[PDB]
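To keep things clear, I will list the structure first and then write my remarks on it.
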Amino acid sequence: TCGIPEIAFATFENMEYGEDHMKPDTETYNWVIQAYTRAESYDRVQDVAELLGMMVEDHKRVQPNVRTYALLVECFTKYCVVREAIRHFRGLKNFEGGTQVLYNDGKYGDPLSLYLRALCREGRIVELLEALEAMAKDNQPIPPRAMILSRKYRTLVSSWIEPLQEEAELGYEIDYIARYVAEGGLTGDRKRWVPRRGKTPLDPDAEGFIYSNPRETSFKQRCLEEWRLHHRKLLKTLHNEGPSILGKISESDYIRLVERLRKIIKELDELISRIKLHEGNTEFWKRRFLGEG
Amino acid sequence: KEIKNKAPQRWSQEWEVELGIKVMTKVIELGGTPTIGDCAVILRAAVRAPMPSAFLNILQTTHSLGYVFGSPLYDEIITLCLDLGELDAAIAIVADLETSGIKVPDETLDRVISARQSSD
Amino acid sequence: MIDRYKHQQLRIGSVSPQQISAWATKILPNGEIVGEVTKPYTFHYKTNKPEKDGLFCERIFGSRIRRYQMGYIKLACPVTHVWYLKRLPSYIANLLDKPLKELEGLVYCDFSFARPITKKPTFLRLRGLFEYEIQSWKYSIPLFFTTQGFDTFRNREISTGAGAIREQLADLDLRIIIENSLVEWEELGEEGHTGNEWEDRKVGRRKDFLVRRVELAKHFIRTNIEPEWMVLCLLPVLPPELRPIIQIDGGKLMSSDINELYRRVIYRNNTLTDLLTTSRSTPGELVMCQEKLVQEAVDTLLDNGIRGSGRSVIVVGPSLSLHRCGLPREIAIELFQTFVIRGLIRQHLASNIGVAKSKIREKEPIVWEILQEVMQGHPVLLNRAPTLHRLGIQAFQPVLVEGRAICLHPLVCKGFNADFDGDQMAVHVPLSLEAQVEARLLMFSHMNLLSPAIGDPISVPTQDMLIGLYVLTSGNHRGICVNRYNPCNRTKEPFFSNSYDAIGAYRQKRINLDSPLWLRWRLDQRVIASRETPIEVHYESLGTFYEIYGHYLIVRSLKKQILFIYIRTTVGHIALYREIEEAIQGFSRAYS
Amino acid sequence: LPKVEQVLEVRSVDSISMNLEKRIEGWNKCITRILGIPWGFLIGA
Ligand SMILES: [Mg+2]
């Protein structure tokens, strides 16, 4: 809780490279991850990854708990790394009451709100649906960070739609004076969307994020991006490790397949269907390393 | 391993509205209240791609939440319901409109009544 | 075992135009703000007095407070750091997305930007990155609105000089720059437009510049260092004592090149501010030329600021031990003057420092006695001038010797790379208790005898010692060189019962050093020889047989009993064995 | 001494030995071909 992660990393080094009775445990890794996550000095995003690499010690009973997954989700969301945030949020969901621990009473940036907004901005709404239906099961209300844009239509149900930064037709004309009176004005202070010189987050949704909010993309863009990336890794696998296949019509099949796949990224469909990509299976790579595969 | 190696699903507007209706109903169940534009945009998306299967619920949720849209937009939906030949959906729409209490313009009212009598 | 956990963090950063004032601005009794240099001349001619508001002036520069106090000079026109722009890594060019050519032009030549600062609504649609010449109606547009009405808005669109770069770096949105750079990096390299080497090489250079820009922009978001501080709105001044200044006598000025550069830049700056204060309707050419002149001057100044024991011969002392060293009298007194003065003032025979110094200069026996009593057990450090080896710095115990040369041990001299020429030796004396304990327990010669390379003894016998040992253990002739005719046709020295008797007979000059003899060995059974069977075995009838070997004789009785053992050797081998054994035994006895 | 200085401060990997350069340029290619998983990068490194 000091703010300098080095004073905690020194203790962690004293514990890790010491005797057996002073070896660290899950709580020690959690404290050091918290010290490196909630700092206010520099990047500290590679240190957390190195520490999580050190935390891969199966035989030392170093297993993660709810707080470990919560801190990892928070750290990877605050640095705009969502493809690991969702991976760790799944494990946090496997435990009971993980969403309550992730929402640490709204004390530090409301990590649950930041995670929901990160899922909303990038348009990965299938993940958001899981993240939403995992909340009412644990009886967790929505945090007050339901930030609306200057155009009063921005919510978790608006970004993924095709029109972006566009008001929706609601029949009667927009009551600009009524919106001005309701949001503020005539008393106190109003959030004035005026650029300034100081390096302060202008948009109110970039309050918790370290650098800035992730790039705003609708669901169609994300779907086409994941489709083209799937086809790109398929062609990359078939290029080097896919010279031979079960079909013996390669002379006329490969010439068509290469051009089809290169034109898709920028009825002969089953030939690509049975193409099986071996990714994430450690047994396959172990067999290939042993010399069998 | 079960999800990482499965090929993704292609994009479609019907899938978009099918996920949007469930997202909005679960965020309402969770304790969140979307604004008028939040449902206006999903209504626009639902009327872009013809799908009158959810036209009743997308407005029943809005008029149960406590928000009402403008009059010049409740007629385009009811005339597109007849444009593609979905008269039962139009009957359901006028039924829930009478149940809610919104005043439909008399011109489109007699238009949909004539369409009904043509279907009757 | 918990460590002590010492934490020291030395932080570096670029100063701000506000923090620079916290160094030179000081308080005064009347309350007037001081710290600025406004006069070019620092000293008065033929007076040797510091001129007011100069370089070596007083009350803003001036005795360690004068060495630590600094000054500050305000500049009318902003200038830019030397290594932030001209160098190959151009951080400003990487932050402004513009090649070096135009910016160099803005800074040095006269070029114009369309709108450097974008924070207020602008109505002058220029869309010009760099204008080589001015073709606009500068006279009609300025005289149209109102006098002084053109000045209040000209800085938003028409900005020339380092102030334009400062205003451009000031209002730079560092959160959208990374977004645009990342989207450009994603768009680039995906089209797949091949070609020659000039194509992909340029593509790689562009993407490397883009990645470097992203890395530079991500730091400023979380480092509290603002990017508009790269230009020098205010210039620091080096303290006077850090600059070369010995004294001022009869108008003498010890100013160096940096001092004359500072004089030039302050002269040009005050002339520039006087020209600006005199008339504002002057020609732009002369004022822009002068501003360039000051800028190039301050750039050259910053570049110049960036770019800018008594040794005595050693002799060999054979009588000295391994730890003692011979220290000359004059060097010893010059080293321990402080200790001997303390000893004089401590007990008696001294009442003041002057009387003690006069007594020490008088060369009295009492001062030498006190010097010996002080240096009795005080360790001293000796270090050669060339410290090639790791054992070049050793500690010794000084012994008062007469002469002008330091006496050292032959083994240490051989281990310290002794030369034929006079090798200078530096003598250092520790003061604190910790230094003395470290020198007595770690740096002594008897604790460092193995070289750290592989572990071989660094202290080995020298040339003369090896020659002596070889002459001792060499022996003499054994065959045709000692006897003329064959011994088959026809006694040695008597059987010496002890080696003491052999050495006594050798000292009495009754046997030669090479004369063989028989030494009765006290059946130690450590018979050193080679795998060679005896030459003859005289097995008598009673049962006691003599086994005659090449170097010894074993007389064995019938029932397997070693009666007598005699060794045939010379006096050198037994002398060496006896001296080593007696050294070991004397060490073991003196230990108790 | 020049040999030590040029083998310590390596100007290029083929300067000390062409066999090492050939072996490295074979290792990287054959380990990008097979074992595309990060384990391949790890074992190649
Ligand atoms: Mg020499």
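Quick note on naming: the chains in the structure tokens go A, B, ... in the order shown, residues restart at 1 in each chain, and ligands are numbered from 1 in order of appearance.
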
Strand (DSSP E or B) call set, DSSP backbone run, range 345-560 of chain C, as a ChimeraX atom specification: /C:380-384,393-401,406-408,425-428,450,457,496,517-521,536-539,545-548,552-556

For C-alpha atoms, I'd like the residues from the last selection saved as a PDB file, in the first residue's frame.
```pdb
ATOM      1  CA  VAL C 380      50.439   1.387   5.994  1.00  0.00           C
ATOM      2  CA  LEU C 381      49.398   0.765   2.388  1.00  0.00           C
ATOM      3  CA  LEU C 382      51.818   0.558  -0.548  1.00  0.00           C
ATOM      4  CA  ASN C 383      50.608   0.748  -4.147  1.00  0.00           C
ATOM      5  CA  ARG C 384      52.610   0.862  -7.361  1.00  0.00           C
ATOM      6  CA  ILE C 393      47.941  -2.806  -3.697  1.00  0.00           C
ATOM      7  CA  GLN C 394      49.117  -4.450  -0.470  1.00  0.00           C
ATOM      8  CA  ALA C 395      49.413  -3.478   3.191  1.00  0.00           C
ATOM      9  CA  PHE C 396      52.592  -3.525   5.277  1.00  0.00           C
ATOM     10  CA  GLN C 397      53.871  -2.460   8.686  1.00  0.00           C
ATOM     11  CA  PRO C 398      56.320   0.455   8.385  1.00  0.00           C
ATOM     12  CA  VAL C 399      59.785   0.246   9.937  1.00  0.00           C
ATOM     13  CA  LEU C 400      61.845   3.410  10.400  1.00  0.00           C
ATOM     14  CA  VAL C 401      64.896   3.098   8.136  1.00  0.00           C
ATOM     15  CA  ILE C 406      61.660   2.182   0.396  1.00  0.00           C
ATOM     16  CA  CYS C 407      62.866  -1.281   1.408  1.00  0.00           C
ATOM     17  CA  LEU C 408      60.572  -4.173   0.479  1.00  0.00           C
ATOM     18  CA  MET C 425      55.793   3.652  -4.904  1.00  0.00           C
ATOM     19  CA  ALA C 426      52.846   5.571  -3.460  1.00  0.00           C
ATOM     20  CA  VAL C 427      52.412   5.393   0.323  1.00  0.00           C
ATOM     21  CA  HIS C 428      48.965   5.820   1.887  1.00  0.00           C
ATOM     22  CA  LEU C 450      47.259 -17.704  -4.388  1.00  0.00           C
ATOM     23  CA  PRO C 457      51.235 -19.575  -5.679  1.00  0.00           C
ATOM     24  CA  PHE C 496      76.881 -39.807  11.156  1.00  0.00           C
ATOM     25  CA  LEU C 517      78.117 -39.567   3.679  1.00  0.00           C
ATOM     26  CA  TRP C 518      75.994 -42.104   5.551  1.00  0.00           C
ATOM     27  CA  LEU C 519      73.285 -40.732   7.851  1.00  0.00           C
ATOM     28  CA  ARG C 520      71.616 -43.079  10.329  1.00  0.00           C
ATOM     29  CA  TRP C 521      67.859 -42.841   9.757  1.00  0.00           C
ATOM     30  CA  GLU C 536      72.725 -56.761  -3.930  1.00  0.00           C
ATOM     31  CA  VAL C 537      71.315 -58.654  -0.945  1.00  0.00           C
ATOM     32  CA  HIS C 538      74.021 -60.119   1.313  1.00  0.00           C
ATOM     33  CA  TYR C 539      72.111 -62.941   3.015  1.00  0.00           C
ATOM     34  CA  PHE C 545      70.729 -59.827   5.476  1.00  0.00           C
ATOM     35  CA  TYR C 546      71.770 -56.408   4.169  1.00  0.00           C
ATOM     36  CA  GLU C 547      69.651 -54.959   1.351  1.00  0.00           C
ATOM     37  CA  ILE C 548      71.907 -52.568  -0.570  1.00  0.00           C
ATOM     38  CA  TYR C 552      70.071 -46.363   1.193  1.00  0.00           C
ATOM     39  CA  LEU C 553      70.874 -49.512   3.165  1.00  0.00           C
ATOM     40  CA  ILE C 554      68.375 -51.618   5.126  1.00  0.00           C
ATOM     41  CA  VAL C 555      69.753 -54.093   7.672  1.00  0.00           C
ATOM     42  CA  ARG C 556      67.068 -56.698   8.378  1.00  0.00           C
TER      43      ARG C 556
END
```

Excluding same-chain residues fewer than 4 positions from range 81-85 of chain B, what lies within 10 Å of it counting only C-alpha atoms, as a ChimeraX atom specification? /B:47,50-52,55,75-77,89-91,93,112,115-116,119

8 Å contacts from chain C to chain A using only C-alpha atoms, as JSON, numbers by chain: {"C": [2, 3, 5, 7, 119, 170, 171, 172, 173, 174, 175, 179, 218, 219, 221, 222, 223]}

The selected residues should be written to file as a tab-separated table (two decimals), in the first residue's frame (atoms: N, CA and C atoms).
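This went into result28.tsv:
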```
chain	number	residue	atom	x	y	z
C	2	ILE	N	16.28	-11.67	7.04
C	2	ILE	CA	15.77	-10.47	6.40
C	2	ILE	C	16.93	-9.53	6.10
C	3	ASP	N	16.98	-9.02	4.87
C	3	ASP	CA	18.03	-8.09	4.49
C	3	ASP	C	17.78	-6.72	5.13
C	5	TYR	N	17.47	-3.94	3.53
C	5	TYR	CA	16.50	-3.23	2.69
C	5	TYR	C	16.81	-1.73	2.60
C	7	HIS	N	17.24	1.50	0.25
C	7	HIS	CA	16.56	1.93	-0.97
C	7	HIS	C	17.02	3.34	-1.32
C	119	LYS	N	-6.13	25.28	-30.87
C	119	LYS	CA	-6.98	25.26	-29.69
C	119	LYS	C	-8.12	26.27	-29.76
C	170	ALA	N	3.18	22.17	-27.11
C	170	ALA	CA	2.36	22.38	-25.92
C	170	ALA	C	1.01	21.68	-26.04
C	171	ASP	N	0.23	22.04	-27.05
C	171	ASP	CA	-1.13	21.51	-27.20
C	171	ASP	C	-1.13	20.29	-28.13
C	172	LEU	N	-0.42	19.26	-27.70
C	172	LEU	CA	-0.33	18.00	-28.42
C	172	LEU	C	-1.12	16.94	-27.65
C	173	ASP	N	-2.21	16.47	-28.24
C	173	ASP	CA	-3.03	15.43	-27.63
C	173	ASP	C	-2.30	14.10	-27.72
C	174	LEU	N	-1.68	13.69	-26.61
C	174	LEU	CA	-0.85	12.49	-26.58
C	174	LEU	C	-1.65	11.20	-26.51
C	175	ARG	N	-2.98	11.27	-26.46
C	175	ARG	CA	-3.80	10.07	-26.42
C	175	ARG	C	-4.41	9.71	-27.77
C	179	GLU	N	-3.28	6.51	-31.03
C	179	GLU	CA	-4.35	5.84	-31.76
C	179	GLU	C	-4.14	5.94	-33.26
C	218	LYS	N	3.96	7.04	-25.45
C	218	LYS	CA	3.41	6.33	-24.29
C	218	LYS	C	4.09	6.75	-23.00
C	219	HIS	N	5.34	7.21	-23.06
C	219	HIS	CA	6.05	7.60	-21.85
C	219	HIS	C	5.50	8.89	-21.26
C	221	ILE	N	2.72	10.13	-21.13
C	221	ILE	CA	1.41	10.07	-20.50
C	221	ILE	C	1.53	9.75	-19.01
C	222	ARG	N	2.60	9.07	-18.62
C	222	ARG	CA	2.74	8.58	-17.25
C	222	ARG	C	4.15	8.85	-16.72
C	223	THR	N	4.68	10.05	-16.98
C	223	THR	CA	6.01	10.40	-16.50
C	223	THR	C	6.10	11.81	-15.92
```

Every residue of chain B that DSSP places in alpha helix (DSSP H), as a PyMOL selection string: chain B and resi 13-30+36-48+55-65+71-83+87-100+106-119

Pairwise distance, CA of residue 170 in chain A with CA of residue 45 in chain B, equals 13.1 Å

For a quick test of understanding: name the residues of chain D lying within 8 Å of chain A when counting only C-alpha atoms, and present them as an MDAnalysis selection string. chainID D and resid 33:35 37 39

How would the residues just chosen look if you wrote them out with C-alpha atoms as an mmCIF file, in the first residue's frame?
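part-v3.cif written:
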```
data_model
loop_
_atom_site.group_PDB
_atom_site.id
_atom_site.type_symbol
_atom_site.label_atom_id
_atom_site.label_comp_id
_atom_site.auth_asym_id
_atom_site.auth_seq_id
_atom_site.Cartn_x
_atom_site.Cartn_y
_atom_site.Cartn_z
ATOM 1 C CA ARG D 33 8.367 -24.566 -39.940
ATOM 2 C CA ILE D 34 7.584 -27.124 -37.227
ATOM 3 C CA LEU D 35 6.552 -26.332 -33.637
ATOM 4 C CA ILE D 37 3.474 -22.963 -30.831
ATOM 5 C CA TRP D 39 7.193 -23.897 -27.315
#
```

Which chains and residue numbers are within 6 Å of ligand 1, counting only C-alpha atoms and all ligand atoms, if I want them as a list in words? residues 419, 420, 421, 422 and 423 of chain C

Closest contacts (range 25-117 of chain B/range 164-169 of chain A, max 6 Å, only C-alpha atoms) as JSON lines:
```
{"residue": "B:37", "atom": "CA", "partner": "A:168", "partner_atom": "CA", "distance": 5.4}
{"residue": "B:40", "atom": "CA", "partner": "A:168", "partner_atom": "CA", "distance": 5.7}
{"residue": "B:41", "atom": "CA", "partner": "A:168", "partner_atom": "CA", "distance": 5.0}
```

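Residues with any atom within 8 Å of range 511-514 of chain C, counting only C-alpha atoms and excluding same-chain neighbours fewer than 3 positions away, are residues 475, 476, 505, 506, 570, 571 and 572 of chain C.
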
For residue 66 in chain B: contacts at 12 Å, only C-alpha atoms, fewer than 3 positions along chain excluded, given as an NGL selection string: :B and (33-36 or 59-63 or 69 or 100)

Export, as a PDB file, in the first residue's frame, the selected residues with C-alpha atoms.
```pdb
ATOM      1  CA  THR B  33     -32.178   1.479 -17.270  1.00  0.00           C
ATOM      2  CA  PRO B  34     -31.133   2.288 -20.856  1.00  0.00           C
ATOM      3  CA  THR B  35     -32.063   5.670 -22.283  1.00  0.00           C
ATOM      4  CA  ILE B  36     -34.574   6.342 -25.055  1.00  0.00           C
ATOM      5  CA  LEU B  59     -41.639  -1.967 -27.851  1.00  0.00           C
ATOM      6  CA  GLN B  60     -43.406  -3.714 -24.967  1.00  0.00           C
ATOM      7  CA  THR B  61     -40.175  -3.487 -22.966  1.00  0.00           C
ATOM      8  CA  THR B  62     -39.885   0.222 -23.777  1.00  0.00           C
ATOM      9  CA  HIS B  63     -43.463   1.138 -22.882  1.00  0.00           C
ATOM     10  CA  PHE B  69     -41.128   7.216 -28.647  1.00  0.00           C
ATOM     11  CA  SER B 100     -50.623   0.830 -23.500  1.00  0.00           C
TER      12      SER B 100
END
```

Can you work out the spacing between CA of residue 29 in chain A and CA of residue 101 in chain A in Å, to one decimal? 16.7 Å

Within 12 Å of chain A, which residues of chain B come that close, and what is the closest atom pair and distance in Å for each? Count only C-alpha atoms and give it as JSON lines.
```
{"residue": "B:1", "atom": "CA", "partner": "A:280", "partner_atom": "CA", "distance": 6.4}
{"residue": "B:2", "atom": "CA", "partner": "A:280", "partner_atom": "CA", "distance": 9.8}
{"residue": "B:3", "atom": "CA", "partner": "A:280", "partner_atom": "CA", "distance": 10.4}
{"residue": "B:4", "atom": "CA", "partner": "A:280", "partner_atom": "CA", "distance": 7.6}
{"residue": "B:5", "atom": "CA", "partner": "A:279", "partner_atom": "CA", "distance": 6.8}
{"residue": "B:6", "atom": "CA", "partner": "A:277", "partner_atom": "CA", "distance": 9.4}
{"residue": "B:7", "atom": "CA", "partner": "A:230", "partner_atom": "CA", "distance": 7.2}
{"residue": "B:8", "atom": "CA", "partner": "A:227", "partner_atom": "CA", "distance": 6.5}
{"residue": "B:9", "atom": "CA", "partner": "A:223", "partner_atom": "CA", "distance": 7.8}
{"residue": "B:10", "atom": "CA", "partner": "A:223", "partner_atom": "CA", "distance": 6.7}
{"residue": "B:11", "atom": "CA", "partner": "A:220", "partner_atom": "CA", "distance": 6.1}
{"residue": "B:12", "atom": "CA", "partner": "A:220", "partner_atom": "CA", "distance": 8.1}
{"residue": "B:13", "atom": "CA", "partner": "A:220", "partner_atom": "CA", "distance": 9.0}
{"residue": "B:15", "atom": "CA", "partner": "A:219", "partner_atom": "CA", "distance": 10.6}
{"residue": "B:16", "atom": "CA", "partner": "A:161", "partner_atom": "CA", "distance": 7.8}
{"residue": "B:17", "atom": "CA", "partner": "A:161", "partner_atom": "CA", "distance": 9.2}
{"residue": "B:18", "atom": "CA", "partner": "A:126", "partner_atom": "CA", "distance": 11.7}
{"residue": "B:19", "atom": "CA", "partner": "A:126", "partner_atom": "CA", "distance": 8.3}
{"residue": "B:20", "atom": "CA", "partner": "A:157", "partner_atom": "CA", "distance": 6.8}
{"residue": "B:21", "atom": "CA", "partner": "A:157", "partner_atom": "CA", "distance": 9.2}
{"residue": "B:22", "atom": "CA", "partner": "A:129", "partner_atom": "CA", "distance": 8.6}
{"residue": "B:23", "atom": "CA", "partner": "A:129", "partner_atom": "CA", "distance": 6.6}
{"residue": "B:24", "atom": "CA", "partner": "A:157", "partner_atom": "CA", "distance": 6.5}
{"residue": "B:25", "atom": "CA", "partner": "A:157", "partner_atom": "CA", "distance": 10.3}
{"residue": "B:26", "atom": "CA", "partner": "A:133", "partner_atom": "CA", "distance": 7.2}
{"residue": "B:27", "atom": "CA", "partner": "A:132", "partner_atom": "CA", "distance": 7.5}
{"residue": "B:28", "atom": "CA", "partner": "A:142", "partner_atom": "CA", "distance": 10.1}
{"residue": "B:29", "atom": "CA", "partner": "A:136", "partner_atom": "CA", "distance": 8.2}
{"residue": "B:30", "atom": "CA", "partner": "A:136", "partner_atom": "CA", "distance": 6.0}
{"residue": "B:31", "atom": "CA", "partner": "A:141", "partner_atom": "CA", "distance": 6.5}
{"residue": "B:32", "atom": "CA", "partner": "A:142", "partner_atom": "CA", "distance": 6.8}
{"residue": "B:33", "atom": "CA", "partner": "A:155", "partner_atom": "CA", "distance": 9.6}
{"residue": "B:34", "atom": "CA", "partner": "A:155", "partner_atom": "CA", "distance": 7.0}
{"residue": "B:35", "atom": "CA", "partner": "A:153", "partner_atom": "CA", "distance": 6.4}
{"residue": "B:36", "atom": "CA", "partner": "A:170", "partner_atom": "CA", "distance": 7.4}
{"residue": "B:37", "atom": "CA", "partner": "A:153", "partner_atom": "CA", "distance": 5.0}
{"residue": "B:38", "atom": "CA", "partner": "A:153", "partner_atom": "CA", "distance": 5.5}
{"residue": "B:39", "atom": "CA", "partner": "A:157", "partner_atom": "CA", "distance": 8.4}
{"residue": "B:40", "atom": "CA", "partner": "A:168", "partner_atom": "CA", "distance": 5.7}
{"residue": "B:41", "atom": "CA", "partner": "A:168", "partner_atom": "CA", "distance": 5.0}
{"residue": "B:42", "atom": "CA", "partner": "A:161", "partner_atom": "CA", "distance": 7.7}
{"residue": "B:43", "atom": "CA", "partner": "A:168", "partner_atom": "CA", "distance": 9.2}
{"residue": "B:44", "atom": "CA", "partner": "A:168", "partner_atom": "CA", "distance": 7.7}
{"residue": "B:45", "atom": "CA", "partner": "A:161", "partner_atom": "CA", "distance": 7.8}
{"residue": "B:46", "atom": "CA", "partner": "A:161", "partner_atom": "CA", "distance": 11.0}
{"residue": "B:48", "atom": "CA", "partner": "A:162", "partner_atom": "CA", "distance": 11.0}
{"residue": "B:67", "atom": "CA", "partner": "A:170", "partner_atom": "CA", "distance": 10.9}
{"residue": "B:68", "atom": "CA", "partner": "A:170", "partner_atom": "CA", "distance": 9.0}
{"residue": "B:69", "atom": "CA", "partner": "A:170", "partner_atom": "CA", "distance": 5.6}
{"residue": "B:70", "atom": "CA", "partner": "A:171", "partner_atom": "CA", "distance": 3.8}
{"residue": "B:71", "atom": "CA", "partner": "A:171", "partner_atom": "CA", "distance": 6.2}
{"residue": "B:72", "atom": "CA", "partner": "A:171", "partner_atom": "CA", "distance": 5.7}
{"residue": "B:73", "atom": "CA", "partner": "A:171", "partner_atom": "CA", "distance": 5.7}
{"residue": "B:74", "atom": "CA", "partner": "A:171", "partner_atom": "CA", "distance": 8.7}
{"residue": "B:75", "atom": "CA", "partner": "A:171", "partner_atom": "CA", "distance": 10.7}
{"residue": "B:76", "atom": "CA", "partner": "A:171", "partner_atom": "CA", "distance": 11.1}
```
